[PDB]
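Coordinates as given in protein-v7.cif (mmCIF, N, CA and C atoms):
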data_upload
#
loop_
_atom_site.group_PDB
_atom_site.id
_atom_site.type_symbol
_atom_site.label_atom_id
_atom_site.label_comp_id
_atom_site.auth_asym_id
_atom_site.auth_seq_id
_atom_site.Cartn_x
_atom_site.Cartn_y
_atom_site.Cartn_z
ATOM 1 N N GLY T 224 41.247 -61.450 137.011
ATOM 2 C CA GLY T 224 40.350 -60.673 137.848
ATOM 3 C C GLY T 224 39.897 -61.436 139.076
ATOM 4 N N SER T 225 40.135 -60.860 140.250
ATOM 5 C CA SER T 225 39.753 -61.496 141.505
ATOM 6 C C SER T 225 38.674 -60.686 142.218
ATOM 7 N N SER T 226 37.554 -61.337 142.516
ATOM 8 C CA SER T 226 36.444 -60.678 143.194
ATOM 9 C C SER T 226 36.939 -59.878 144.395
ATOM 10 N N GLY T 227 36.259 -58.772 144.682
ATOM 11 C CA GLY T 227 36.643 -57.935 145.804
ATOM 12 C C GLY T 227 35.685 -58.057 146.973
ATOM 13 N N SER T 228 35.503 -59.280 147.461
ATOM 14 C CA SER T 228 34.603 -59.529 148.581
ATOM 15 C C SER T 228 35.314 -59.300 149.911
ATOM 16 N N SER T 229 34.536 -59.015 150.950
ATOM 17 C CA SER T 229 35.090 -58.770 152.277
ATOM 18 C C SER T 229 34.046 -59.031 153.358
ATOM 19 N N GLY T 230 34.502 -59.521 154.507
ATOM 20 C CA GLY T 230 33.596 -59.806 155.605
ATOM 21 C C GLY T 230 34.248 -59.616 156.959
ATOM 22 N N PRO T 231 35.186 -60.511 157.299
ATOM 23 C CA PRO T 231 35.904 -60.461 158.576
ATOM 24 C C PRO T 231 36.388 -59.053 158.914
ATOM 25 N N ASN T 232 35.663 -58.381 159.801
ATOM 26 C CA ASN T 232 36.018 -57.027 160.209
ATOM 27 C C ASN T 232 37.430 -56.985 160.784
ATOM 28 N N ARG T 233 38.391 -56.601 159.950
ATOM 29 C CA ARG T 233 39.784 -56.518 160.374
ATOM 30 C C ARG T 233 40.220 -55.064 160.529
ATOM 31 N N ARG T 234 40.202 -54.575 161.765
ATOM 32 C CA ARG T 234 40.594 -53.199 162.047
ATOM 33 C C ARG T 234 42.050 -53.131 162.500
ATOM 34 N N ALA T 235 42.963 -53.102 161.534
ATOM 35 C CA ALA T 235 44.389 -53.035 161.831
ATOM 36 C C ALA T 235 44.929 -51.625 161.615
ATOM 37 N N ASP T 236 45.376 -50.995 162.696
ATOM 38 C CA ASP T 236 45.918 -49.644 162.624
ATOM 39 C C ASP T 236 47.349 -49.603 163.153
ATOM 40 N N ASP T 237 47.728 -50.636 163.897
ATOM 41 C CA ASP T 237 49.069 -50.719 164.464
ATOM 42 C C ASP T 237 49.665 -52.106 164.249
ATOM 43 N N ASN T 238 48.865 -53.135 164.510
ATOM 44 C CA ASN T 238 49.315 -54.513 164.347
ATOM 45 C C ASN T 238 49.996 -54.707 162.995
ATOM 46 N N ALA T 239 50.915 -55.665 162.933
ATOM 47 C CA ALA T 239 51.636 -55.953 161.700
ATOM 48 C C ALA T 239 50.855 -56.923 160.821
ATOM 49 N N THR T 240 50.321 -56.412 159.715
ATOM 50 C CA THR T 240 49.548 -57.233 158.790
ATOM 51 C C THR T 240 49.935 -56.945 157.344
ATOM 52 N N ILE T 241 50.088 -58.002 156.555
ATOM 53 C CA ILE T 241 50.455 -57.861 155.151
ATOM 54 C C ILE T 241 49.562 -58.719 154.261
ATOM 55 N N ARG T 242 49.225 -58.192 153.089
ATOM 56 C CA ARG T 242 48.376 -58.909 152.144
ATOM 57 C C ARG T 242 49.213 -59.565 151.049
ATOM 58 N N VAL T 243 48.719 -60.680 150.521
ATOM 59 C CA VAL T 243 49.421 -61.403 149.467
ATOM 60 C C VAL T 243 48.457 -61.855 148.377
ATOM 61 N N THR T 244 48.905 -61.774 147.127
ATOM 62 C CA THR T 244 48.082 -62.174 145.993
ATOM 63 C C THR T 244 48.918 -62.881 144.931
ATOM 64 N N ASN T 245 48.243 -63.575 144.020
ATOM 65 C CA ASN T 245 48.923 -64.297 142.951
ATOM 66 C C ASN T 245 49.667 -65.510 143.501
ATOM 67 N N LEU T 246 48.957 -66.340 144.259
ATOM 68 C CA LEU T 246 49.548 -67.537 144.845
ATOM 69 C C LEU T 246 49.321 -68.750 143.950
ATOM 70 N N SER T 247 49.793 -69.908 144.401
ATOM 71 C CA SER T 247 49.645 -71.143 143.640
ATOM 72 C C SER T 247 48.818 -72.164 144.417
ATOM 73 N N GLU T 248 48.439 -73.245 143.743
ATOM 74 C CA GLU T 248 47.645 -74.296 144.370
ATOM 75 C C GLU T 248 48.477 -75.076 145.382
ATOM 76 N N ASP T 249 49.795 -75.015 145.229
ATOM 77 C CA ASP T 249 50.703 -75.714 146.129
ATOM 78 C C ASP T 249 51.259 -74.765 147.186
ATOM 79 N N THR T 250 50.566 -73.651 147.398
ATOM 80 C CA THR T 250 50.991 -72.660 148.379
ATOM 81 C C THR T 250 50.008 -72.580 149.541
ATOM 82 N N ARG T 251 50.348 -73.239 150.644
ATOM 83 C CA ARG T 251 49.494 -73.243 151.826
ATOM 84 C C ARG T 251 50.128 -72.439 152.958
ATOM 85 N N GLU T 252 49.461 -72.417 154.106
ATOM 86 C CA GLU T 252 49.959 -71.684 155.264
ATOM 87 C C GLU T 252 51.367 -72.142 155.633
ATOM 88 N N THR T 253 51.587 -73.452 155.588
ATOM 89 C CA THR T 253 52.888 -74.020 155.919
ATOM 90 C C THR T 253 53.944 -73.606 154.900
ATOM 91 N N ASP T 254 53.502 -73.313 153.682
ATOM 92 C CA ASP T 254 54.409 -72.902 152.618
ATOM 93 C C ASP T 254 54.811 -71.439 152.781
ATOM 94 N N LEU T 255 53.924 -70.650 153.379
ATOM 95 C CA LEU T 255 54.185 -69.232 153.596
ATOM 96 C C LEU T 255 54.947 -69.012 154.899
ATOM 97 N N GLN T 256 54.705 -69.882 155.874
ATOM 98 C CA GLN T 256 55.371 -69.782 157.169
ATOM 99 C C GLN T 256 56.885 -69.861 157.009
ATOM 100 N N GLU T 257 57.331 -70.609 156.004
ATOM 101 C CA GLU T 257 58.758 -70.768 155.746
ATOM 102 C C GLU T 257 59.259 -69.694 154.784
ATOM 103 N N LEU T 258 58.327 -69.048 154.091
ATOM 104 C CA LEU T 258 58.673 -68.000 153.137
ATOM 105 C C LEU T 258 58.879 -66.665 153.847
ATOM 106 N N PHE T 259 58.058 -66.405 154.859
ATOM 107 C CA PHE T 259 58.150 -65.165 155.620
ATOM 108 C C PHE T 259 58.937 -65.376 156.910
ATOM 109 N N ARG T 260 59.583 -66.533 157.020
ATOM 110 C CA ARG T 260 60.370 -66.859 158.203
ATOM 111 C C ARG T 260 61.703 -66.119 158.191
ATOM 112 N N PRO T 261 62.374 -66.124 157.030
ATOM 113 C CA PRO T 261 63.668 -65.457 156.859
ATOM 114 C C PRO T 261 63.662 -64.033 157.404
ATOM 115 N N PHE T 262 62.468 -63.487 157.609
ATOM 116 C CA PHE T 262 62.325 -62.131 158.127
ATOM 117 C C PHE T 262 62.184 -62.142 159.646
ATOM 118 N N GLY T 263 61.552 -63.189 160.169
ATOM 119 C CA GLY T 263 61.361 -63.299 161.603
ATOM 120 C C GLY T 263 60.321 -64.338 161.972
ATOM 121 N N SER T 264 59.824 -64.265 163.202
ATOM 122 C CA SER T 264 58.821 -65.210 163.679
ATOM 123 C C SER T 264 57.413 -64.697 163.395
ATOM 124 N N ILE T 265 56.675 -65.435 162.574
ATOM 125 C CA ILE T 265 55.312 -65.057 162.223
ATOM 126 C C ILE T 265 54.348 -65.346 163.369
ATOM 127 N N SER T 266 53.395 -64.442 163.576
ATOM 128 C CA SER T 266 52.412 -64.598 164.641
ATOM 129 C C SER T 266 51.204 -65.392 164.152
ATOM 130 N N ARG T 267 50.721 -65.048 162.962
ATOM 131 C CA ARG T 267 49.569 -65.727 162.381
ATOM 132 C C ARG T 267 49.638 -65.706 160.857
ATOM 133 N N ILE T 268 49.011 -66.695 160.228
ATOM 134 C CA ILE T 268 49.002 -66.791 158.774
ATOM 135 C C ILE T 268 47.611 -67.141 158.255
ATOM 136 N N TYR T 269 46.930 -66.151 157.690
ATOM 137 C CA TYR T 269 45.589 -66.354 157.155
ATOM 138 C C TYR T 269 45.635 -66.601 155.650
ATOM 139 N N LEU T 270 44.711 -67.422 155.164
ATOM 140 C CA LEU T 270 44.644 -67.743 153.742
ATOM 141 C C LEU T 270 43.196 -67.818 153.269
ATOM 142 N N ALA T 271 42.878 -67.056 152.228
ATOM 143 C CA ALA T 271 41.529 -67.040 151.675
ATOM 144 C C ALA T 271 41.143 -68.411 151.129
ATOM 145 N N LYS T 272 40.087 -68.990 151.690
ATOM 146 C CA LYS T 272 39.614 -70.299 151.259
ATOM 147 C C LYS T 272 38.109 -70.279 151.008
ATOM 148 N N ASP T 273 37.660 -71.104 150.069
ATOM 149 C CA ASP T 273 36.242 -71.182 149.734
ATOM 150 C C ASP T 273 35.556 -72.288 150.529
ATOM 151 N N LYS T 274 34.230 -72.244 150.571
ATOM 152 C CA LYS T 274 33.452 -73.242 151.297
ATOM 153 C C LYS T 274 32.870 -74.279 150.341
ATOM 154 N N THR T 275 32.596 -73.855 149.111
ATOM 155 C CA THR T 275 32.036 -74.747 148.102
ATOM 156 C C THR T 275 33.126 -75.590 147.449
ATOM 157 N N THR T 276 34.288 -74.981 147.232
ATOM 158 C CA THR T 276 35.410 -75.676 146.612
ATOM 159 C C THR T 276 36.404 -76.160 147.662
ATOM 160 N N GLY T 277 36.553 -75.383 148.732
ATOM 161 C CA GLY T 277 37.474 -75.749 149.792
ATOM 162 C C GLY T 277 38.920 -75.720 149.340
ATOM 163 N N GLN T 278 39.292 -74.668 148.618
ATOM 164 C CA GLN T 278 40.656 -74.526 148.122
ATOM 165 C C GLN T 278 41.216 -73.148 148.460
ATOM 166 N N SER T 279 42.426 -72.873 147.982
ATOM 167 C CA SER T 279 43.076 -71.593 148.236
ATOM 168 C C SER T 279 42.656 -70.555 147.200
ATOM 169 N N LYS T 280 41.810 -69.620 147.617
ATOM 170 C CA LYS T 280 41.330 -68.568 146.728
ATOM 171 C C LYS T 280 42.458 -68.053 145.839
ATOM 172 N N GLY T 281 43.535 -67.591 146.466
ATOM 173 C CA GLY T 281 44.667 -67.078 145.715
ATOM 174 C C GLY T 281 45.455 -66.041 146.492
ATOM 175 N N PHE T 282 44.803 -65.410 147.463
ATOM 176 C CA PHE T 282 45.450 -64.390 148.279
ATOM 177 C C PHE T 282 45.534 -64.832 149.737
ATOM 178 N N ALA T 283 46.441 -64.215 150.485
ATOM 179 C CA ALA T 283 46.623 -64.542 151.894
ATOM 180 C C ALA T 283 47.040 -63.314 152.695
ATOM 181 N N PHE T 284 47.003 -63.436 154.018
ATOM 182 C CA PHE T 284 47.377 -62.334 154.897
ATOM 183 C C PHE T 284 48.259 -62.825 156.041
ATOM 184 N N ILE T 285 49.513 -62.385 156.044
ATOM 185 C CA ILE T 285 50.457 -62.780 157.081
ATOM 186 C C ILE T 285 50.562 -61.711 158.165
ATOM 187 N N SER T 286 50.514 -62.144 159.422
ATOM 188 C CA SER T 286 50.602 -61.225 160.550
ATOM 189 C C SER T 286 51.948 -61.355 161.254
ATOM 190 N N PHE T 287 52.670 -60.244 161.349
ATOM 191 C CA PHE T 287 53.976 -60.232 161.998
ATOM 192 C C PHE T 287 53.867 -59.722 163.432
ATOM 193 N N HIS T 288 54.952 -59.861 164.187
ATOM 194 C CA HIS T 288 54.979 -59.413 165.575
ATOM 195 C C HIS T 288 55.394 -57.947 165.665
ATOM 196 N N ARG T 289 56.459 -57.594 164.953
ATOM 197 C CA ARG T 289 56.959 -56.225 164.955
ATOM 198 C C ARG T 289 56.673 -55.539 163.622
ATOM 199 N N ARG T 290 56.803 -54.217 163.603
ATOM 200 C CA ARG T 290 56.557 -53.442 162.392
ATOM 201 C C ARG T 290 57.726 -53.567 161.419
ATOM 202 N N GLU T 291 58.902 -53.883 161.953
ATOM 203 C CA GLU T 291 60.098 -54.031 161.133
ATOM 204 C C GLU T 291 60.094 -55.370 160.401
ATOM 205 N N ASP T 292 59.854 -56.443 161.147
ATOM 206 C CA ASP T 292 59.822 -57.782 160.570
ATOM 207 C C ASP T 292 58.791 -57.868 159.450
ATOM 208 N N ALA T 293 57.661 -57.194 159.640
ATOM 209 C CA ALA T 293 56.596 -57.193 158.644
ATOM 210 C C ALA T 293 57.042 -56.494 157.364
ATOM 211 N N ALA T 294 57.708 -55.355 157.519
ATOM 212 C CA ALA T 294 58.191 -54.591 156.375
ATOM 213 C C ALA T 294 59.262 -55.362 155.612
ATOM 214 N N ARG T 295 60.128 -56.050 156.350
ATOM 215 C CA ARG T 295 61.202 -56.827 155.741
ATOM 216 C C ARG T 295 60.664 -57.713 154.622
ATOM 217 N N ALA T 296 59.493 -58.300 154.849
ATOM 218 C CA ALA T 296 58.870 -59.170 153.860
ATOM 219 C C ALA T 296 58.363 -58.369 152.665
ATOM 220 N N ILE T 297 57.382 -57.506 152.910
ATOM 221 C CA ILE T 297 56.810 -56.679 151.856
ATOM 222 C C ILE T 297 57.886 -56.207 150.883
ATOM 223 N N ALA T 298 59.085 -55.970 151.405
ATOM 224 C CA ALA T 298 60.200 -55.518 150.583
ATOM 225 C C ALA T 298 60.762 -56.660 149.744
ATOM 226 N N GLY T 299 60.962 -57.811 150.378
ATOM 227 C CA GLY T 299 61.495 -58.963 149.673
ATOM 228 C C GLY T 299 60.447 -59.661 148.828
ATOM 229 N N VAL T 300 59.412 -60.180 149.481
ATOM 230 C CA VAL T 300 58.339 -60.876 148.782
ATOM 231 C C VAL T 300 57.942 -60.138 147.509
ATOM 232 N N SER T 301 58.154 -58.826 147.502
ATOM 233 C CA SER T 301 57.814 -58.003 146.346
ATOM 234 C C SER T 301 58.754 -58.292 145.180
ATOM 235 N N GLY T 302 58.220 -58.937 144.146
ATOM 236 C CA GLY T 302 59.023 -59.264 142.983
ATOM 237 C C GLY T 302 59.670 -60.631 143.089
ATOM 238 N N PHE T 303 59.168 -61.451 144.006
ATOM 239 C CA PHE T 303 59.705 -62.791 144.209
ATOM 240 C C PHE T 303 59.283 -63.723 143.077
ATOM 241 N N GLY T 304 60.034 -64.806 142.899
ATOM 242 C CA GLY T 304 59.724 -65.759 141.849
ATOM 243 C C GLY T 304 59.026 -66.997 142.378
ATOM 244 N N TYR T 305 57.817 -66.815 142.898
ATOM 245 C CA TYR T 305 57.045 -67.924 143.444
ATOM 246 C C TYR T 305 56.280 -68.651 142.341
ATOM 247 N N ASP T 306 56.451 -69.966 142.280
ATOM 248 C CA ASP T 306 55.777 -70.778 141.273
ATOM 249 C C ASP T 306 55.899 -70.144 139.891
ATOM 250 N N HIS T 307 57.125 -69.799 139.511
ATOM 251 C CA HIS T 307 57.377 -69.184 138.213
ATOM 252 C C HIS T 307 56.376 -68.066 137.938
ATOM 253 N N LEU T 308 56.134 -67.235 138.945
ATOM 254 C CA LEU T 308 55.196 -66.125 138.812
ATOM 255 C C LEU T 308 55.648 -64.928 139.643
ATOM 256 N N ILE T 309 55.008 -63.785 139.423
ATOM 257 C CA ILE T 309 55.341 -62.569 140.154
ATOM 258 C C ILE T 309 54.403 -62.365 141.338
ATOM 259 N N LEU T 310 54.840 -62.801 142.515
ATOM 260 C CA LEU T 310 54.040 -62.664 143.726
ATOM 261 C C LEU T 310 53.762 -61.197 144.033
ATOM 262 N N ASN T 311 52.586 -60.927 144.591
ATOM 263 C CA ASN T 311 52.198 -59.564 144.934
ATOM 264 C C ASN T 311 51.936 -59.433 146.432
ATOM 265 N N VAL T 312 52.551 -58.429 147.049
ATOM 266 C CA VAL T 312 52.385 -58.193 148.478
ATOM 267 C C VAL T 312 52.305 -56.701 148.783
ATOM 268 N N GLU T 313 51.535 -56.352 149.809
ATOM 269 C CA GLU T 313 51.374 -54.958 150.204
ATOM 270 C C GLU T 313 50.719 -54.853 151.578
ATOM 271 N N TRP T 314 51.054 -53.796 152.307
ATOM 272 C CA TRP T 314 50.498 -53.579 153.638
ATOM 273 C C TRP T 314 48.977 -53.679 153.617
ATOM 274 N N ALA T 315 48.436 -54.583 154.428
ATOM 275 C CA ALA T 315 46.993 -54.775 154.503
ATOM 276 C C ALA T 315 46.276 -53.458 154.773
ATOM 277 N N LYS T 316 46.932 -52.575 155.519
ATOM 278 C CA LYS T 316 46.357 -51.277 155.851
ATOM 279 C C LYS T 316 46.870 -50.197 154.903
ATOM 280 N N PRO T 317 46.059 -49.148 154.706
ATOM 281 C CA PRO T 317 46.410 -48.029 153.825
ATOM 282 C C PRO T 317 47.402 -47.070 154.474
ATOM 283 N N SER T 318 48.129 -46.326 153.647
ATOM 284 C CA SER T 318 49.114 -45.373 154.141
ATOM 285 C C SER T 318 48.501 -43.983 154.285
ATOM 286 N N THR T 319 47.305 -43.928 154.863
ATOM 287 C CA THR T 319 46.609 -42.663 155.059
ATOM 288 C C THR T 319 47.389 -41.745 155.992
ATOM 289 N N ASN T 320 47.930 -42.319 157.063
ATOM 290 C CA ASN T 320 48.701 -41.551 158.034
ATOM 291 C C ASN T 320 50.082 -41.208 157.483
ATOM 292 N N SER T 321 50.748 -40.252 158.122
ATOM 293 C CA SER T 321 52.075 -39.828 157.694
ATOM 294 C C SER T 321 53.024 -39.725 158.886
ATOM 295 N N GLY T 322 52.995 -40.740 159.745
ATOM 296 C CA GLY T 322 53.855 -40.746 160.914
ATOM 297 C C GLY T 322 53.076 -40.617 162.208
ATOM 298 N N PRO T 323 52.777 -41.761 162.840
ATOM 299 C CA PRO T 323 52.027 -41.797 164.100
ATOM 300 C C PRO T 323 52.883 -41.388 165.295
ATOM 301 N N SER T 324 52.296 -41.452 166.486
ATOM 302 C CA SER T 324 53.004 -41.086 167.707
ATOM 303 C C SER T 324 54.414 -41.667 167.712
ATOM 304 N N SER T 325 55.342 -40.945 168.332
ATOM 305 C CA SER T 325 56.731 -41.385 168.406
ATOM 306 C C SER T 325 57.061 -41.909 169.800
ATOM 307 N N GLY T 326 57.304 -43.212 169.894
ATOM 308 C CA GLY T 326 57.628 -43.818 171.172
ATOM 309 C C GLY T 326 57.094 -45.230 171.297
#
Rewrite the coordinates I just gave you, this time as structure tokens.
Amino acid sequence: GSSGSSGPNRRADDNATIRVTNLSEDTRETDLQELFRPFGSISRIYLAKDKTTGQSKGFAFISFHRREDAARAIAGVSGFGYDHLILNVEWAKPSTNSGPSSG
């Protein structure tokens, strides 16, 4: 069970953002940069960290440049064998919409 806390107002409606959960203690930003690289060039890599412990909470958020490169990961990372475990990934934003403007 992972607490469901939130603060950083992240209003992503178009930008490429993906969420990650079930990470390891040996999984840092540099470890993810090479994991989501095979898909393309990552723009930013966020990782949940504590202030009292100063460690990796367990989840992270990778930001892609294009909508395709971002999806490429969510598809692969899904069911990956990271640290002998089942990594979890999903679009940071909800699928409320059903096809935005075309162009």
Quiz prompt | All residues 5 Å or closer to stretch 258-266 of chain T, all atoms listed in the file, same chain fewer than 4 positions away omitted, as a ChimeraX atom specification | solution = /T:254,286-288
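Running the PyMOL selection byres ((chain T and resi 268) around 7) on this file leaves residues 252, 265, 266, 267, 269, 270, 283, 284, 285 and 286 of chain T selected.
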Pull N, CA and C atoms from the residues just selected and write them as a short mmCIF file (atom, residue, chain, number, x, y, z; two decimals), in the frame of the given file.
data_model
loop_
_atom_site.label_atom_id
_atom_site.label_comp_id
_atom_site.auth_asym_id
_atom_site.auth_seq_id
_atom_site.Cartn_x
_atom_site.Cartn_y
_atom_site.Cartn_z
N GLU T 252 49.46 -72.42 154.11
CA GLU T 252 49.96 -71.68 155.26
C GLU T 252 51.37 -72.14 155.63
N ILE T 265 56.68 -65.44 162.57
CA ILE T 265 55.31 -65.06 162.22
C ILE T 265 54.35 -65.35 163.37
N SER T 266 53.40 -64.44 163.58
CA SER T 266 52.41 -64.60 164.64
C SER T 266 51.20 -65.39 164.15
N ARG T 267 50.72 -65.05 162.96
CA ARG T 267 49.57 -65.73 162.38
C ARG T 267 49.64 -65.71 160.86
N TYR T 269 46.93 -66.15 157.69
CA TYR T 269 45.59 -66.35 157.16
C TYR T 269 45.64 -66.60 155.65
N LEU T 270 44.71 -67.42 155.16
CA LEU T 270 44.64 -67.74 153.74
C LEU T 270 43.20 -67.82 153.27
N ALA T 283 46.44 -64.22 150.49
CA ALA T 283 46.62 -64.54 151.89
C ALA T 283 47.04 -63.31 152.70
N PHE T 284 47.00 -63.44 154.02
CA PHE T 284 47.38 -62.33 154.90
C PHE T 284 48.26 -62.82 156.04
N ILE T 285 49.51 -62.38 156.04
CA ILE T 285 50.46 -62.78 157.08
C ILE T 285 50.56 -61.71 158.16
N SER T 286 50.51 -62.14 159.42
CA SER T 286 50.60 -61.22 160.55
C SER T 286 51.95 -61.36 161.25
#
Quiz item: So which residues touch stretch 228-232 of chain T within 12 Å, counting only C-alpha atoms, skipping near sequence neighbours fewer than 6 positions away, as number ranges by chain?
Solution: T: 269, 271, 273, 280, 282
Practice problem: Determine which residues of stretch 263-292 of chain T receive a DSSP assignment of strand (DSSP E or B), computed from the backbone, and state them as a VMD selection string. | Solution: chain T and resid 265 to 272 279 to 287
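Once only C-alpha atoms are considered, the residues situated within 6 Å of the file point (54.5, -58.9, 147.2) turn out to be residues 297, 300, 301, 310, 311, 312 and 313 of chain T.
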Practice problem: Mind giving me the straight-line distance from atom CA of residue T:272 to atom C of residue T:293 in Å, one decimal? | Solution: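 Pair atom CA of residue T:272 / atom C of residue T:293 returns 23.1 Å.
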Exercise. Return as a PyMOL selection string the set of residues that the PyMOL selection byres ((chain T and resi 238) around 8) yields on the displayed structure.
Key: chain T and resi 234-237+239-241+286-290
With a distance cut-off of 6.5 Å and all atoms listed in the file, select the neighbouring residues of residue T:281, excluding the residue or stretch itself and same-chain residues fewer than 5 positions from it, and output the selection as a short mmCIF file (atom, residue, chain, number, x, y, z; two decimals) with N, CA and C atoms, keeping the file's coordinate frame.
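selection-v8.cif, written as the output of this step:
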data_model
loop_
_atom_site.label_atom_id
_atom_site.label_comp_id
_atom_site.auth_asym_id
_atom_site.auth_seq_id
_atom_site.Cartn_x
_atom_site.Cartn_y
_atom_site.Cartn_z
N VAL T 243 48.72 -60.68 150.52
CA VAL T 243 49.42 -61.40 149.47
C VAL T 243 48.46 -61.86 148.38
N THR T 244 48.90 -61.77 147.13
CA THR T 244 48.08 -62.17 145.99
C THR T 244 48.92 -62.88 144.93
N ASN T 245 48.24 -63.58 144.02
CA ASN T 245 48.92 -64.30 142.95
C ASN T 245 49.67 -65.51 143.50
N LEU T 246 48.96 -66.34 144.26
CA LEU T 246 49.55 -67.54 144.84
C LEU T 246 49.32 -68.75 143.95
N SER T 247 49.79 -69.91 144.40
CA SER T 247 49.64 -71.14 143.64
C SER T 247 48.82 -72.16 144.42
N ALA T 271 42.88 -67.06 152.23
CA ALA T 271 41.53 -67.04 151.68
C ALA T 271 41.14 -68.41 151.13
N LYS T 272 40.09 -68.99 151.69
CA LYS T 272 39.61 -70.30 151.26
C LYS T 272 38.11 -70.28 151.01
#
Provide an axis-aligned box for all listed atoms of stretch 294-306 of chain T, padding each side by 8 Å; report its centre and its edge lengths in Å to one decimal, as AutoDock Vina command-line options.
--center_x 58.6 --center_y -62.7 --center_z 148.7 --size_x 21.7 --size_y 32.2 --size_z 33.6
Exercise. Work out how far apart atom CA of residue T:256 and atom CA of residue T:227 are and give it in Å to one decimal.
Key: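 Atom-to-atom, atom CA of residue T:256 and atom CA of residue T:227 are spaced 24.9 Å apart.
DSSP, applied to the backbone of this structure, assigns alpha helix (DSSP H) to the following residues of chain T: residues 252, 253, 254, 255, 256, 290, 291, 292, 293, 294, 295, 296, 297, 298 and 299 of chain T.
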Quiz item: In Å, how far is it from atom CA of residue T:303 to atom CA of residue T:274?
Solution: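 About the pair atom CA of residue T:303 and atom CA of residue T:274: they are 29.1 Å apart.
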